[PDB]
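Read through the structure below, which is laid out as structure tokens, and then see the notes.
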Amino acid sequence: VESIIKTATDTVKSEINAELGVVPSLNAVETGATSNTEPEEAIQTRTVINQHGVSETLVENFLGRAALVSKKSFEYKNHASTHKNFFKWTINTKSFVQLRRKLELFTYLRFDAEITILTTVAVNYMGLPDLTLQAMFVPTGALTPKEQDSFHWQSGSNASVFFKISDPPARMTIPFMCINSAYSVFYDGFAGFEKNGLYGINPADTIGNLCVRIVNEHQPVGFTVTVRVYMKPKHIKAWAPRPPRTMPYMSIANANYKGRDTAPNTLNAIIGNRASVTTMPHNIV
Amino acid sequence: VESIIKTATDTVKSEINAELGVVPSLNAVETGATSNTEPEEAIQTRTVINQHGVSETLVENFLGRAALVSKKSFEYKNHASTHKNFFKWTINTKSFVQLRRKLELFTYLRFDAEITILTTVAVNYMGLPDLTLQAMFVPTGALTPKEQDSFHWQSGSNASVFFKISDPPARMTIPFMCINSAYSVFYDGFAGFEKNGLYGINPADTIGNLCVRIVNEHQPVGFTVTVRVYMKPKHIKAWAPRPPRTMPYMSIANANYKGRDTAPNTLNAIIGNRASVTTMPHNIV
Amino acid sequence: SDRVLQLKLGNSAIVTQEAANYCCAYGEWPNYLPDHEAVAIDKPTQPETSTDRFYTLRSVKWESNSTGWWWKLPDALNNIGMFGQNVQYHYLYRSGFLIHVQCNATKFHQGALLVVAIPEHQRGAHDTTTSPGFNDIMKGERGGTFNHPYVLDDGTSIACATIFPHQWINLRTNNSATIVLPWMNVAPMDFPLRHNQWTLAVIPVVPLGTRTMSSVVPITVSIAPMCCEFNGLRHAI
Amino acid sequence: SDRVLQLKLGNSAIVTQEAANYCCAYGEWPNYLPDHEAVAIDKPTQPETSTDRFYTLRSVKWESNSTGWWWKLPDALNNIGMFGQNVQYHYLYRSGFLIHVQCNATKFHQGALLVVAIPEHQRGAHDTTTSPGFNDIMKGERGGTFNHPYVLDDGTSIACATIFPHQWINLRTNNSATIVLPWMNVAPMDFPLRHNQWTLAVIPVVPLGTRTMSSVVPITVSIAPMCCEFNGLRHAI
Amino acid sequence: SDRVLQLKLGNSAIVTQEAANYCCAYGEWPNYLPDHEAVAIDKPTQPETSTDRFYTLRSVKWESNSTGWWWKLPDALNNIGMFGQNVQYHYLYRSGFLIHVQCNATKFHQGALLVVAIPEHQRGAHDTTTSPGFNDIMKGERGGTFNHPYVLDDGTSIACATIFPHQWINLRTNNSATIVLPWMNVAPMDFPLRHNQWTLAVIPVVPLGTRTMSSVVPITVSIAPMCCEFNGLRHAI
Amino acid sequence: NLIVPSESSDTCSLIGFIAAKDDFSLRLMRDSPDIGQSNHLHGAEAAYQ
Amino acid sequence: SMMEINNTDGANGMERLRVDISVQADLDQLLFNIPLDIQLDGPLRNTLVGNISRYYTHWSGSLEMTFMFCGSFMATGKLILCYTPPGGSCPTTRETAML
Amino acid sequence: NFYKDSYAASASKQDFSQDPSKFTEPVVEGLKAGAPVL
Amino acid sequence: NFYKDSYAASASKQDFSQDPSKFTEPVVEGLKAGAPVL
Ligand SMILES: CC(=O)N[C@H]1[C@H]([C@H](O)[C@H](O)CO)O[C@@](OC[C@H]2O[C@@H](O[C@H]3[C@H](O)[C@@H](O)[C@H](O)O[C@@H]3CO)[C@H](O)[C@@H](O)[C@H]2O)(C(=O)O)C[C@@H]1O
């Protein structure tokens with residue numbers, strides 16, 4: 001039943017129906033199939049050549065957006081006496097709700113990830129320094145630097161990108177790097193051979209670590225530096241759509257839920273209340 | 001009667017006329033048709049091969065100009081104690097009179113909109129910071145951020161453009177996005193099912209909201225930041241030309257009029273006065 | 001030859017022996033909605049003769065100090081005959097209009113009326129920032145009058161109103177004006193009770209005058225919807 | 001196969017899962033007035049979907065002592081929807097009718113309703129020489145009830161009423177009856193406000209009965225005009 | 001015709017006389033691992049009939065206040081029959097599943113169960129940041145119950161759970177639901193003791209009700225692995 | 001009317017479902033109003049430790 | 001997917017996903033109504049079509065509502081479901097909705 | 001245009017077709033050169 | 001794409017094939033137009 005759809009389907013004119021043994025409007029929800037009643041069979045229709053496009057809902061476009069996945073502020077200064085001029089971030093797409101919810105509309109996803117890094121500075125006035133930063137990709141669980149001036153930043157094999165605050169945001173693509181044919185947006189299991197591991201966390205789905213430091217030595221005064229990382233999935237393939245998240249997220253480590261204090265989206269009632277089932281909200285007066 | 005016109009029409013030489021039953025200079029304005037008397041029929045003409053071009057008056061060029069549509073100044077500082085380092089603007093082409101009047105020379109318009117954003121800064125002296133700004137497109141009526149540091153800026157699906165003051169003005173094209181085949185420059189109706197809605201305002205013609213913030217945290221001192229937005233319509237199609245606006249504009253929400261205190265363009269007299277209908281202004285002495 | 005004319009639609013007919021040709025707005029003619037432009041998928045009702053016929057509104061008196069009159073479409077007809085009924089029982093409507101304005105006098109009378117069909121004539125209010133209210137716009141069959149015809153009550157000008165489909169009724173020349181209006185909108189159909197596609201404006205640019213016996217000189221408007229179509233049937237509003 | 005049925009006209013549709021085939025009065029089907037049978041020469045209006053659709057009347061309650069109900073056509077619909085409007089604005093009308101009577105109960109209920117379409121059912125009054133009055137005949141949407149169903153309120157008999165187009169609703173068998181009615185008259189068209197072509201009669205020949213929980217058992221009538229045509233347009237009556 | 005069904009695998013067979021067709025998850029059917037998708041290079045064992053057969057789990061009682069039940073695969077079967085043995089002696093397994101949920105009552109009973117197969121149903125804990133523990137997830141043959149079926153115990157919703165392969169058991173209509181599940185994973189094979197590909201959820205969206213004699217109404221689940229393959233043989237865990 | 005015998009429940013339920021037909025089209029993508037946050041989710045900061 | 005038609009105070013969790021109808025004593029009774037804006041909070045918001053549509057701003061196309069009766073086999077009945085194009089107040093009588 | 005969406009392209013200043021008559025002579029009966037309009 | 005690795009390429013927004021039936025009609029026996037589903 002696979003076919004190429006580029007526009008919404010057309011409508012054909014229909015006439016009066018009075019056929020015994022034919023009841024297109026009746027269905028059996030129990031079969032699990034969605035009703036197949038066509039407009040032409042429910043009412044009398046006219047012919048309509050529908051030219052409405054369907055490209056903006058292509059999965060590639062739906063998920064094809066650079067969404068914020070990480071925001072980190074730290075102090076750039078003399079740390080003689082906390083993120084000391086650098087930080088390490090275990091990449092994940094569970095911290096910011098907008099991206100998280102969209103990705104979670106699918107069970108499995110295969111995509112390459114375009115990473116964009118935006119840097120901002122503020123004095124703690126005599127001007128803003130045009131600093132050089134280094135973002136080093138370190139595999140999940142692998143050895144990360146522990147100091148701004150660590151020799152580990154020599155990045156002999158790890159990929160590192162050096163960029164200035166005055167340059168456009170840095171950008172690079174991390175390929176689909178899962179050990180499987182697709183990432184598991186959801187994982188009903190324990191990724192360990194013992195029974196004490198974390199539930200729902202399959203490290204195979206953790207792209208990796210992003211170690212970011214300011215290359216410049218500290219200045220005589222302190223600054224607040226904020227690094228924002230954006231991710232845009234591309235060359236996407238998606239499988240098994242899922243029920244959208246309704247309850248507010250509680251943790252990046254699980255699907256735990258509590259609900260809002262009052263509707264909407266309270267554990268007790270997802271939709272806001274109306275006086276009764278015969279009360280029409282926004283009724284035209 | 002459609003034809004391709006690339007130059008002003010030529011003139012053909014004409015001779016003496018003395019024909020009974022033929023009166024090209026007489027017309028009947030009552031029919032609603034404009035006089036069809038040709039120069040060749042009114043006087044004796046010579047032949048003229050006219051090479052004057054007509055391209056600068058093409059609608060595409062006439063409206064094809066980046067006109068100022070929004071200018072907003074705000075204070076960038078610590079707002080502990082007003083636009084707090086960001087602002088929201090409901091896009092409209094009714095605030096600046098030059099663009100407004102030209103667009104209003106037409107009833108319906110279909111065009112894509114090229115948006116250019118220019119940013120300027122001034123200290124409230126130790127130098128001008130090269131700040132990063134974020135302009136997020138939010139559909140008309142949709143959810144806009146309420147704080148500079150709101151999580152809503154994560155822009156998971158909304159389009160956002162990040163730009164520096166030191167970069168050239170930011171630019172992007174908003175497609176013709178109306179739910180109709182063209183924008184209604186004028187709307188003789190109420191866009192609501194009840195009777196208390198606003199007259200002449202069809203939200204279908206409101207491109208959307210532009211939420212702009214400074215990404216950098218505040219500095220130790222304050223600055224005045226001004227954001228100017230320009231719009232250039234392109235791939236234009238126009239219908240039903242209209243009488244040009246004469247009375248000064250009063251509101252962006254309607255065509256209300258009052259007129260200037262004295263001619264010209266006073267409700268009582270559009271054209272400035274002359275002593276009498278036999279008085280020749282600027283007469284050569 | 002182009003001074004006499006008969007218009008016949010449904011069970012109605014009109015003749016004039018002093019016409020001035022007639023205007024087809026933007027050189028077009030009314031037509032039913034083609035399948036390649038349709039949006040609403042329900043089979044439309046096309047009443048034909050019960051709606052596509054001349055409806056004559058109440059007349060108005062042309063006085064020496066008159067400023068002009070206006071009628072909005074389809075509002076002026078939304079409560080008249082079968083056209084009105086279909087409009088009330090259906091969410092969507094579509095149609096063109098054949099307009100015939102009538103005014104006769106004497107060979108001793110003078111006066112000139114600009115008869116213009118304005119698309120999307122969005123009125124403006126005078127000397128205030130408050131937008132016109134519902135009752136300022138929806139006058140129905142009675143129509144309204146111009147406050148400042150000089151600027152078409154919208155801050156522009158009547159001088160350039162000739163850019164719109166129009167004719168004139170110059171008493172020494174003709175006694176009627178005829179304008180054929182096609183569907184004019186950015187959508188294939190619309191909700192008739194909240195939006196008016198056209199506004200018929202009749203304005204005396206040259207006042208009525210004479211030195212002969214004074215008589216009441218009326219101006220009458222007859223409008224015939226054309227190629228009416230209705231979709232979205234329900235109860236009457 | 002002949003127990004399930006879906007009827008679709010205009011924006012309305014009805015299904016039944018317990019039908020008994022369906023009746024086409026005298027083996028005919030509705031159709032528009034052909035040129036070789038026409039009388040009125042004005043071009044007719046054929047609204048199609050705005051009138052040729054199902055109109056559901058108020059229900060009635062089937063009680064242990066009910067005598068029967070009746071609805072006259074087109075009277076019952078002369079003030080309903082667009083069909084009603086066309087009827088009021090036109091001197092002449094013509095149409096067929098698709099009738100669907102509905103009544104469901106329980107597998108523990110019993111009862112049998114004769115659902116018959118009577119042409120020209122001229123009522124008689126009981127024990128008096130005075131003919132029935134206007135208000136005794138024109139009941140409109142509410143319909144009326146039988147005084148002496150045994151003789152069809154006309155001095156004849158319900159026993160032989162089966163000679164007319166009909167079906168039955170026997171609770172243990174079906175829950176609906178469907179009858180398609182063609183135009184039935186001696187004239188090609190008629191004045192809808194003074195003459196009724198058909199009379200829908202629903203009579204309980206076998207009373208409603210059960211020993212299970214008592215519940216209100218309604219009887220509902222849905223009627224869809226078919227191939228409507230109207231001539232002689234004027235103002236509404 | 002699509003109400004009766006017989007399923008036969010190995011030495012087991014099941015019939016139902018009130019089915020509702022049957023579901024093939026995502027329109028697929030189980031199959032053995034092809035050479036062009038294989039990873040583990042040791043020759044696999046394909047037991048066929050000793051494992052690809054129906055295993056009936058202990059029943060559960062449908063009560064007026066029940067919230068729903070769930071069983072995870074292959075966990076629910078990891079200790080049952082030869083399928084269980086192969087699972088215990090092999091590091092890797094692969095298979096589809098034929099699911100048959102059974103529940104019969106009376107023509108006087110009402111109730112509706114959503115029978116849905118959820119891929120990767122990662123449970124969430126309620127009102128706490130602590131992730132669910134091993135014993136909260138691995139219930140085995142007994143299965144578990146829903147705490148908040150309204151949100152599928154994962155913060156989403158049962159209302160949209162129909163996006164997953166499913167059927168319903170509406171007592172007045174059918175007495176069983178059947179779903180064929182193909183291998184569903186991002187890997188060609190997996191370690192059966194730590195990851196569950198599918199979760200069978202049976203939730204009463206419409207509670208069980210009647211006014212007739214109360215009887216215990218059980219819900220029974222029978223599951224047949226399909227096209228089982230095992231790799232990485234060693235001792236039993 | 002809803003009609004039932006003495007032993008059937010006299011109150012019954014309906015479950016309503018809705019879906020788009022294949023003549024549907026959606027345009028102009030925007031952030032969903034159905035999800036939002038005002039703080040860091042639990043564990044988010046730990047990703048930096 | 002399921003519409004949350006019974007979104008009323010006193011209806012908790014799944015009770016909100018089903019509409020209960022009872023044997024009536026009067027005729028032509030109104031049972032319930034449903035607001036139709038798939039872009040606003042209401043019975044249609046938390047559905048597959050509602051949720052995904054809300055990631056967009058413009059929409060076009062036909063919608064289909066399917067209702068499954070979940071009473072006992074011995075229960076019978078006939079209901080009328082009406083869709084009223086916009087324009088006025090929501091109909092409160094069958095004679096009006098039926099149009 | 002190196003962008004994938006055609007609406008991103010530069011301006012289109014090549015449409016030289018015109019039909020003034022729809023505004024200048026929208027009368028049903030064509031008017032002749034020097035013949036009386038009425 | 002001037003890069004040597006194909007995964008570095010711009011987005012691929014040209015896959016217009018669909019098969020809703022895998023979600024809308026995953027029933028083994030095809031359902032007819034107006035014939036009783038059961
Ligand atoms: C993340 C989340 O919970 N999103 C829901 C959203 C938010 O809860 C609100 O925006 C929080 O302010 O609500 C959604 O439903 C709309 C609600 O509207 C409330 O009444 C509003 C009214 O609609 C506004 O026009 C008015 O200006 O303010 C009123 C409140 O004072 C109702 O009371 C409530 O029950 C909802 O119906 C939404 O669509 O925004 C649903 C989101 O999932």
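Computation of the quantities below employed the complete heavy-atom set of this structure, encompassing side-chain atoms and omitting hydrogens, waters and symmetry-equivalent molecules. Order of the sequence lines fixes the chain letters, A, B, ..., with proteins taken first and strands second; residue numbering starts at 1 for each chain.
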**Q.** B:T90/B:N209 under side-chain hydrogen bond (donor to acceptor under 3.5 Å, both in side chains): CA gap, chis, key distance, verdict
**A.** CA-CA 4 Å; B:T90 304; B:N209 292 293; 3.1 Å; yes
Q: State which residue, out of A:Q219, A:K84, A:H83, A:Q148, fulfils the side-chain hydrogen bond (donor to acceptor under 3.5 Å, both in side chains) condition with A:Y76.
A: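 So, applying the side-chain hydrogen bond (donor to acceptor under 3.5 Å, both in side chains) to A:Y76 and each of A:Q219, A:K84, A:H83, A:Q148, only A:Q219 qualifies.
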With [X] as the cation and [Y] as the aromatic partner, state whether NZ or CZ is under 6.0 Å from the six-membered ring centre and within 45° of the axis.
X: A:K94; Y: A:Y249; value: no
X: A:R242; Y: A:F106; value: no
X: B:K77; Y: B:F223; value: no

**Q.** All pairs passing side-chain hydrogen bond (donor to acceptor under 3.5 Å, both in side chains) where residues 130-141 of chain B contributes a residue, at least two apart
**A.**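 Output for this query lists B:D130-B:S166, B:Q134-B:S160, B:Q134-B:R213.
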Any chance the side chains of [X] and [Y] put a donor and an acceptor closer than 3.5 Å?
X: B:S95; Y: B:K71; answer: no
X: B:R171; Y: B:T116; answer: yes
X: B:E217; Y: A:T120; answer: no

Q) Parallel, tilted or perpendicular: which describes the rings of A:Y199 and A:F190, with under 30° parallel and over 60° perpendicular? A)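 Rings of A:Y199 and A:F190: tilted, as their planes differ by 30° to 60°.
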Q. Taking C-beta and beyond as the side chain, do E:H126 and A:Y257 meet within less than 4.5 Å on heavy atoms?
A.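 Answer yes - side chains close enough.
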Q: Would you mind reporting whether B:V221 and B:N124 have side-chain heavy atoms less than 4.5 Å apart?
A: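 Heavy-atom side-chain distance check fails, nothing below 4.5 Å.
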Q) Are A:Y108 and E:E120 close enough, and set up right, to give a side-chain hydrogen bond (donor to acceptor under 3.5 Å, both in side chains), and what steps lead you there? A) CA-CA 9 Å; A:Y108 303 132; E:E120 303 290 358; 2.7 Å; yes
Q. Residues two or more places apart in sequence or in another chain: which of them pass side-chain hydrogen bond (donor to acceptor under 3.5 Å, both in side chains) with A:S150?
A.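 Residues passing side-chain hydrogen bond (donor to acceptor under 3.5 Å, both in side chains) with A:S150: none at all.
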Q | Set of residues satisfying side-chain hydrogen bond (donor to acceptor under 3.5 Å, both in side chains) with respect to A:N61, sequence neighbours excluded | A |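 With neighbours one apart ignored, the set is A:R65.
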Q) Is E:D153 salt-bridged to E:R123, cutoff N-O under 4.0 Å? A)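 Looking at E:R123 together with E:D153, the answer is yes, because their closest N to O distance falls below 4.0 Å.
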Q. Salt bridge or not for A:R245 and F:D34, using N-O below 4.0 Å?
A.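 Judged by the 4.0 Å cut-off on N to carboxylate O distance, A:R245 and F:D34 do not form a salt bridge.
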Q) Nearest heavy-atom pair of F:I35 and A:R101: which atoms, and what distance? A)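 Shortest heavy-atom separation between F:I35 and A:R101 comes out as CB-CD, 3.4 Å.
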Q. Is the gap between the ring centers of A:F87 and A:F74 under 6.0 Å?
A.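 Yes, the ring of A:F87 comes within the 6.0 Å limit of the ring of A:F74, centre to centre.
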